[PDB]
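Chemist: Chains as they are written, first to last, in UniProt numbering: chain X, 631 to 693; chain H, 10 to 54; chain F, 54 to 150.
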Amino acid sequence: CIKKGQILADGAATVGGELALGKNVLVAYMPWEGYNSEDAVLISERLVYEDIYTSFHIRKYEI
Amino acid sequence: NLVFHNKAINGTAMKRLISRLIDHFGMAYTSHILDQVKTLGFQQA
Amino acid sequence: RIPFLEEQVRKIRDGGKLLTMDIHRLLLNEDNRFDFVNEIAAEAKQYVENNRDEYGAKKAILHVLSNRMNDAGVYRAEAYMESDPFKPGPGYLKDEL
């Protein structure tokens, strides 16, 4: 049963009725061999192979 | 032939040294010294 | 003799730092840098005009410079070119991160 105004489906970047634009990840703040010089980040491969940050992009070409 | 330093190095001090080394040894030697100090700094940090 | 400098010496030769040191020696004999750049450019052109097909992986500018150093007594390879002794096989590329 649903009452008027209640949620039925969720859109992209939304989970359970709230805005969700990113992910939660384990992080440490420390210097590492210069890879982080200035403002650069070093990341693990888990993010690549477990698909935490993958996105779909669609383009249109017309004539 | 270099001085032995027993006190801390801060940014002002490194500029003075790079300057002093450029005058005594020249730009070529100084470039190698610089790459080596970089490695040591990154490793310790 | 400092005891453990072997790797640094291998690298200086391999990296191409040798060329940098050489350019500096040679400019210690000259009042105008701009003229020396012009002299080297001319020699390179003569070399390529005379034997065109040698060059392409061997560069003429490098040849002129190696020839100067060898004339003055420091052994340098021709065109500062070094082979990779340990390459796995044909069609294999080193990852110089």
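Cβ coordinates follow ideal geometry from the N, Cα and C atoms, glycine included.
Mind listing which residues of the region 108 to 130 of chain F have their C-beta closer than 8 Å to chain H's C-betas, in chain order?
Modeler: Correct list: empty, as no residue qualifies.
Chemist: For H:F51 versus X:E663, is the C-beta distance shorter than 8 Å?
Modeler: Yes.
Chemist: Output, in chain order, the set of chain F residues within a Cβ distance shorter than 7 Å of H:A37.
Modeler: Correct list: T73, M74, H77.
Chemist: Have a look at X:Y691, X:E692, X:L677, X:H687 and flag the residue whose alpha-carbon is nearest the alpha-carbon of X:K653.
Modeler: The candidate whose alpha carbon is nearest that of X:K653 is X:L677.
Chemist: My guess is that F:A97 and F:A113 are in contact by the Cβ rule of under 8 Å, so how many angstroms apart are they, rounded?
Modeler: At roughly 4 Å, the Cβ-Cβ gap stays under 8 Å, so F:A97 and F:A113 are in contact.
Chemist: Counting only Cβ pairs nearer than 8 Å, list the residues of chain X close to H:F34.
Modeler: Correct list: empty, because the minimum Cβ distance to chain X is about 25 Å.
Chemist: Is DSSP giving X:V645 helix, strand or coil here?
Modeler: Residue state, collapsed to three classes: strand.
Chemist: When the Cα atoms are used, what is the spatial distance from H:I27 to X:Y679?
Modeler: Cα-Cα distance, rounded: 46 Å.
Chemist: Taking buried to mean at least 16 other C-beta atoms within 10 Å of its own C-beta, is F:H116 buried or exposed?
Modeler: Classification for F:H116: buried.
Chemist: Got a sec? Which residues, its chain only, sit under 8 Å from F:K111 by beta carbon, not counting five neighbours each side?
Modeler: Counting only Cβ-Cβ distances below 8 Å, and skipping sequence neighbours, we find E131, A132, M134.
Chemist: Could you list the residues in the region 650 to 682 of chain X with a C-beta less than 8 Å from some C-beta on chain B, going in chain order?
Modeler: Included in the structure are the protein chains X, H and F, with no chain B among them.
Chemist: Which same chain residues, not among the five before or five after F:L79, have their C-beta less than 6 Å away from its C-beta?
Modeler: Here the set comprises nothing.
Chemist: Three-state secondary structure (DSSP) at F:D106?
Modeler: F:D106: helix per DSSP, three-state reduction.
Chemist: Quick check: the Cα distance between X:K690 and X:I637, rounded to an integer number of angstroms?
Modeler: X:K690 and X:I637: Cα-Cα distance of roughly 31 Å.
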